[PDB]
Amino acid sequence: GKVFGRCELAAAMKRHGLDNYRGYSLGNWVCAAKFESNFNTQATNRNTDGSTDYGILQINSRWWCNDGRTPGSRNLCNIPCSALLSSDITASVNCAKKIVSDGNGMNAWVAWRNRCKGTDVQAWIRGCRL
(Lines give C-alpha, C1' and ligand atoms only; values in the text may rest on other atoms or scores of the structure.)
Protein backbone atom coordinates (compact mmCIF):
# COMPACT_ATOMS: atom_id res chain seq x y z
CA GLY A 1 0.00 0.00 0.00
CA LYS A 2 0.88 3.65 0.34
CA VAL A 3 -0.37 6.73 2.12
CA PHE A 4 1.23 9.96 0.87
CA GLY A 5 2.31 12.99 2.77
CA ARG A 6 1.31 16.46 1.57
CA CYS A 7 4.72 17.53 0.31
CA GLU A 8 5.48 14.10 -1.17
CA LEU A 9 2.19 14.30 -3.08
CA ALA A 10 2.74 17.93 -4.08
CA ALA A 11 6.08 16.97 -5.63
CA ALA A 12 4.65 14.01 -7.52
CA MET A 13 1.69 16.04 -8.79
CA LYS A 14 4.03 18.83 -9.90
CA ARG A 15 6.29 16.36 -11.75
CA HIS A 16 3.24 15.28 -13.76
CA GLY A 17 2.03 18.73 -14.72
CA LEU A 18 -0.80 19.55 -12.33
CA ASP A 19 0.38 23.00 -11.18
CA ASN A 20 -2.07 25.43 -12.80
CA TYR A 21 -3.51 22.66 -14.99
CA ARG A 22 -6.79 23.87 -16.52
CA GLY A 23 -6.62 26.85 -14.17
CA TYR A 24 -6.10 24.98 -10.87
CA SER A 25 -2.98 25.78 -8.88
CA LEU A 26 -1.14 22.88 -7.33
CA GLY A 27 -2.60 23.35 -3.83
CA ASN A 28 -6.06 22.61 -5.19
CA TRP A 29 -4.95 19.17 -6.26
CA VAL A 30 -3.16 18.35 -3.00
CA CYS A 31 -6.16 19.64 -1.05
CA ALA A 32 -8.52 17.52 -3.14
CA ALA A 33 -6.54 14.38 -2.38
CA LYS A 34 -6.28 15.29 1.33
CA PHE A 35 -10.05 15.48 1.74
CA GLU A 36 -11.02 12.81 -0.80
CA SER A 37 -8.79 10.04 0.56
CA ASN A 38 -6.59 11.43 3.37
CA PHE A 39 -3.79 10.67 0.89
CA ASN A 40 -4.51 6.84 0.99
CA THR A 41 -3.79 5.41 -2.48
CA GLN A 42 -6.17 2.51 -1.79
CA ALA A 43 -9.13 4.49 -0.48
CA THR A 44 -12.34 3.05 -1.90
CA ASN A 45 -15.91 4.20 -1.29
CA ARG A 46 -18.78 2.21 -2.60
CA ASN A 47 -21.89 4.24 -3.23
CA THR A 48 -25.64 3.60 -3.04
CA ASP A 49 -25.85 4.29 -7.23
CA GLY A 50 -23.80 1.32 -7.70
CA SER A 51 -20.66 3.26 -8.57
CA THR A 52 -17.46 3.30 -6.56
CA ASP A 53 -14.86 6.03 -5.99
CA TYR A 54 -11.29 4.79 -6.31
CA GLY A 55 -7.90 5.83 -5.06
CA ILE A 56 -6.17 8.93 -3.82
CA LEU A 57 -8.45 11.19 -5.90
CA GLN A 58 -11.62 9.09 -5.43
CA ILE A 59 -12.32 8.81 -9.17
CA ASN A 60 -15.79 7.51 -9.93
CA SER A 61 -16.62 4.37 -11.90
CA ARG A 62 -19.70 5.71 -13.76
CA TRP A 63 -18.01 8.16 -16.11
CA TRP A 64 -14.29 7.72 -15.71
CA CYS A 65 -12.89 4.20 -14.93
CA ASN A 66 -14.25 0.69 -15.51
CA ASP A 67 -14.95 -1.68 -12.67
CA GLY A 68 -17.46 -3.88 -14.54
CA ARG A 69 -20.13 -3.39 -11.90
CA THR A 70 -21.37 0.16 -12.46
CA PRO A 71 -24.44 1.11 -14.51
CA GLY A 72 -23.97 3.61 -17.29
CA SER A 73 -20.23 3.09 -17.62
CA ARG A 74 -18.48 5.43 -20.01
CA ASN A 75 -14.87 4.64 -19.02
CA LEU A 76 -13.73 8.02 -20.31
CA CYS A 77 -10.23 7.57 -18.90
CA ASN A 78 -10.06 4.18 -20.67
CA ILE A 79 -8.64 2.69 -17.52
CA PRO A 80 -9.53 -0.20 -15.21
CA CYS A 81 -10.46 1.23 -11.81
CA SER A 82 -7.83 -1.12 -10.37
CA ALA A 83 -5.10 1.04 -11.87
CA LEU A 84 -6.34 4.00 -9.84
CA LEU A 85 -5.51 2.10 -6.61
CA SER A 86 -1.78 1.94 -7.43
CA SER A 87 0.92 3.09 -5.05
CA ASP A 88 2.30 5.50 -7.65
CA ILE A 89 -0.08 8.26 -8.74
CA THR A 90 0.50 8.33 -12.50
CA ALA A 91 -2.72 6.72 -13.59
CA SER A 92 -4.81 8.84 -11.18
CA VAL A 93 -3.14 12.01 -12.38
CA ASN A 94 -3.63 10.99 -16.03
CA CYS A 95 -7.29 10.40 -15.44
CA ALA A 96 -7.69 13.52 -13.30
CA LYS A 97 -6.42 15.57 -16.19
CA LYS A 98 -9.11 14.15 -18.45
CA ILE A 99 -11.73 14.70 -15.81
CA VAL A 100 -10.94 18.34 -15.23
CA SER A 101 -10.84 18.84 -19.04
CA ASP A 102 -14.15 17.21 -19.79
CA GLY A 103 -16.59 17.77 -17.00
CA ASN A 104 -17.14 20.79 -14.77
CA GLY A 105 -13.56 21.35 -13.69
CA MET A 106 -12.73 20.33 -10.09
CA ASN A 107 -16.41 20.26 -9.14
CA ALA A 108 -16.13 16.59 -10.07
CA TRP A 109 -14.54 16.06 -6.63
CA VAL A 110 -17.10 16.67 -3.94
CA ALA A 111 -14.43 16.80 -1.26
CA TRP A 112 -12.69 19.55 -3.27
CA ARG A 113 -15.90 21.47 -3.20
CA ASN A 114 -16.51 20.83 0.49
CA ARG A 115 -13.05 21.50 1.92
CA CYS A 116 -10.91 23.20 -0.77
CA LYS A 117 -12.89 25.39 -3.13
CA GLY A 118 -12.15 29.06 -2.42
CA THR A 119 -9.87 28.37 0.61
CA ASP A 120 -6.18 29.14 1.10
CA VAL A 121 -5.08 26.13 -0.91
CA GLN A 122 -1.45 27.33 -1.07
CA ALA A 123 -1.27 26.19 2.55
CA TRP A 124 -1.30 22.59 1.34
CA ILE A 125 2.06 22.92 -0.40
CA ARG A 126 3.58 25.68 1.80
CA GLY A 127 7.11 24.87 2.70
CA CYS A 128 7.35 21.90 0.37
CA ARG A 129 10.45 21.61 -1.82
CA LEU A 130 9.13 21.74 -5.31
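Residues numbered from 1 in each chain as written, not as in the entry; some residues may be left out. Heavy atoms only, no water.

### With respect to the UniProt feature "binding site: substrate" in the protein
Residues given the UniProt feature "binding site: substrate" here are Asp102. Its place among the elements puts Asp102 in the loop between α3 (90–100) and α4 (110–115). We classify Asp102 as exposed; its relative accessible area is 53%. (UniProt positions renumbered as here; feature names shortened; annotations may be inferred. Helix = DSSP H or I, 4+ residues; strand = E, 2+ residues; numbered from the N terminus. Buried < 20%, exposed > 50% of the residue type's maximum accessible area, 1.4 Å probe, protein only.)

### Remarks on the nonpolar core
Among the nonpolar cores identified, the biggest contains 39 residues, and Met13, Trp29, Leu57 and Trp109 are the most heavily contacted of them. When residues of this core are traced back to their parent elements, those giving at least two are α1 (6–15), α2 (26–37) and α3. Ignoring any residue separated from it by four or fewer positions in sequence, one finds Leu57 in contact with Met13, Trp29, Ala32, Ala33, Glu36, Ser92, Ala96 and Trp109. (Core = buried A, V, L, I, M, F, W, Y, C linked by side-chain atoms within 4.5 Å. Contact = heavy atoms within 4.5 Å.)

### With respect to the sheet that holds strand β2 (residues 52–54)
Strand pairing within a sheet occurs via backbone hydrogen bonds; the two strands may be parallel or antiparallel. Judged by pairing direction, the sheet is antiparallel, and its three strands sit side by side in the order β1-β2-β3 without closing on themselves. The open sheet has two free edges, formed respectively by β1 (44–46) and β3 (59–60), since each of these has just one partner strand. Of the strand pairs in this sheet, β2 and β3 are connected by two bridges, and their pairing is antiparallel. Paired with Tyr54 across the two strands is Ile59, which belongs to β3. (Pairing = 2+ DSSP bridges.)

### Overview of unusual backbone geometry
Notably, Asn20 is not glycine yet its phi reads approximately 80 degrees, a positive angle. Topologically, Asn20 is positioned in the loop between α1 and α2. Phi is positive for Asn38, which is not a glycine, with a value near 50 degrees. Looking at where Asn38 falls in the secondary structure, it is placed in the loop between α2 and β1.

### Here's the deal with the pattern of salt bridges
Counted according to the given criterion, the structure contains four salt bridges. The closest approach of N and O atoms between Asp67 and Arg69, which form a salt bridge, is 3.9 Å. A salt bridge links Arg126 to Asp120, with the shortest nitrogen-to-oxygen separation between them at 3.0 Å. Overall, the relative accessible area of 40% leaves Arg126 in the partly exposed class. A relative accessible area of 47% places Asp120 in the partly exposed class. (Salt bridge = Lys/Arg side-chain N within 4 Å of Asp/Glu carboxyl O.)

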